[PDB]
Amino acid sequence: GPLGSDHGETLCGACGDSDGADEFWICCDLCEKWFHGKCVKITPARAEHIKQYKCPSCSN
């Protein structure tokens, strides 16, 4: 694995990893954090019916 990081990175709010190739992402509209679709178990197909995504942390 590569050492260091890209300063213009976006870290997933669940796994804390950087964005990679051909990955589906979704952003919470309340805290503006980004998440892997795989990490929050949300497919692109499901996200199409989501008007305003609210991450698990903001859903408490």
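In this text, residue numbers run from 1 along the sequence as written.
- Among all modelled residues in its chain, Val40 ranks in the lowest third by Cα B-factor.
- The deposited CA B-factor of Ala21 belongs to the lowest third of values across its chain.
- Among all modelled residues in this chain, the alpha-carbon of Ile50 has a temperature factor (C-alpha) in the highest third.
- Compared with the other modelled residues of the chain, the Cα B-factor recorded for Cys12 ranks in the lowest third.
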